[PDB]
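Next up: just one chain, as structure tokens, the form deposited in one PDB entry.
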């Protein structure tokens, strides 16, 4: 059929993920093996993916591939990236951006000018094309725009943001103040995880503000989804937010003597991962950068010292140790060094703090609390102070980015993580992946709307809904809700929560599974893949009840103005849910544009495409499932003139009419019998997957036959001539 002699396929390969192979013999039904040439016998009764014909390969948009599957996407991105040094490729509306780990001279004035005023499609894929389309639709639709730059940190999201902004600035010192804030935002929002040395654990939305004449007047940073849990807990080989290590490595600087910092292994809140140092990073040098950037963004030196006082206070706070006392109560040891320092730095009374760290109000008795409750409260306090510090810093960065000129419109650049899947997934990953389900719903709905519109335009008559996954996560009796419920039960644990999950969801929701050999983990079928979460730590990470009296003590401080400036059970998961709902309202009130940044290798190698890494990245960013959805419809879309031009050689002289469109229609209906395989639009033929590939095969077969006939004749002629020469005695 399609698996004929000559036909090429992709087969699994450990190193390259997939490897090409040609059918060394024709596949017949009933065959258990394919005869392939990498020669080899490939044991099947699912046949391997077909390789696209050469004419479709290396094109600017992946959705023009006829066999639209993972190896075709991998191969196409690879050849563009390696053979043509093209880092940008479209995937329908999605711009895929592969980090070249090389400064490319493709962002200059001359190039900005060539993209300005052009349509989306007439120019080669580029971040500028996306930035232009956003600028263009902003004015045309009188509608705010969002450029959603997804992927892991270091895949090239900051470059994409930089040049979207550089572009808007040109075609219309905003870009440089925004970039100057990067070291600030990375110090307070990024952390070293097991898989990434500098990972943003929050979503950052930079609204580029435009006046009435679409000139850039300034910017506004909004932040979402901050990973609060990290402030007080790190897993193995992970760090807290960078700023804490910047501060600890700066402990001997004279101006910080009063902060009384030890090294990063001194503090409970920075030592848990056993990774004080990131290779290649000088946290003391990054502190210098951070302070310079703080100065560059208008944060006075007193306020900087206040930021650091507060962080130092969080760190000493975390060292406060509770003694268990009679009747499940607790107390703070006399003259406890961590607390004395904390109270000194914050300027609050030692006894008033020590009292409220071990007691709560119940109204009106003064109840002692247990050690576990005191720890949870102390952590919640640390997280609360951090989150409010973080918001303060952001508010004040914003004072520097805001313009006096009134704002008519904006294009917001969202820097957001893609799906995150480690070997061991916990609450942090669950939240990230939840965020990704919500973002994916917006994308899917967007694309489906663009598709309806395209089909309407062409006069042609399937939606993959992820609402069920979202509901499993966020609806009442869902994973997060059950987690909240388990957290407010005094005997609650991870193990009982696990069982509540199984009781509620196992065999009731096909998106939820339980591992065979564990009752302490669950599996969610997310958009891109199944992810297994370990239940351990979910409860404690979720707890976030801040005690009002502890806050009142901080609110009463008379040593520095910054601390009071910062200020049903509250949970991290619910706060994440609320933040994510806030992010989606912000994005849903705009028209989204999508850039997926992928890291092509793990070693910062210039133009180096590791297939295993690339396949993982493409999946995490949603691309492979987006392709699979596109491959289910009519992904191939050719104008009648393109079809006429390419497939003329397939036509008999008889049916070549003056009406070139009608010719295409008559010829196609004889070449491909099943009329369900394509749809005739006004200007374009829409084809199912595989159809264009099939046309290329018969075309290729026609040319191959003609050629062999000619070349065997030529070979005859040449040999008869040689023979005459050798006969004559030459």
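Positions refer to the first chain, counted from 1.
Missing here is the form deposited with a small molecule bound; even so, the following discussion is about that form.
### Message
Taking 4.5 angstroms as the heavy atom distance cut-off, pick the stretch from 93-101, 117-125, 78-86, 436-444 that is near the small molecule in the bound PDB entry.
### Response
Every other range fails; the passing one is 93-101.
### Query
Looking at the partner-bound form in the bound PDB entry, is residue 345 within 4.5 Å of the small molecule by any heavy atom?
The answer is no: residue 345 has no heavy atom within 4.5 Å of the small molecule.
### Message
Test of understanding: in the bound PDB entry, would residue 448 fall inside 4.5 Å of the small molecule by heavy atoms?
### Response
So residue 448 does not count as contacting the small molecule.
### Message
Within 4.5 Å, heavy atoms only: does residue 383 come near the small molecule in the bound PDB entry?
### Response
Because no heavy atom of residue 383 falls inside 4.5 Å of the small molecule in the bound PDB entry, the answer is no.
### Task
Give a yes or no for residue 155: in the bound PDB entry, does one of its heavy atoms lie within 4.5 Å of a heavy atom belonging to the small molecule?
Yes, residue 155 lies within 4.5 Å of the small molecule in the bound PDB entry.
### Query
Of 369, 180, 482, 159, which residue is found within 4.5 angstroms of the small molecule in the bound PDB entry when only non-hydrogen atoms are counted?
That would be 159.
### Query
Within 4.5 Å of the small molecule in the bound PDB entry, heavy atoms considered, which of 250, 223, 229, 200?
Of the candidates 250, 223, 229, 200, 200 is the one lying within 4.5 Å of the small molecule in the bound PDB entry.
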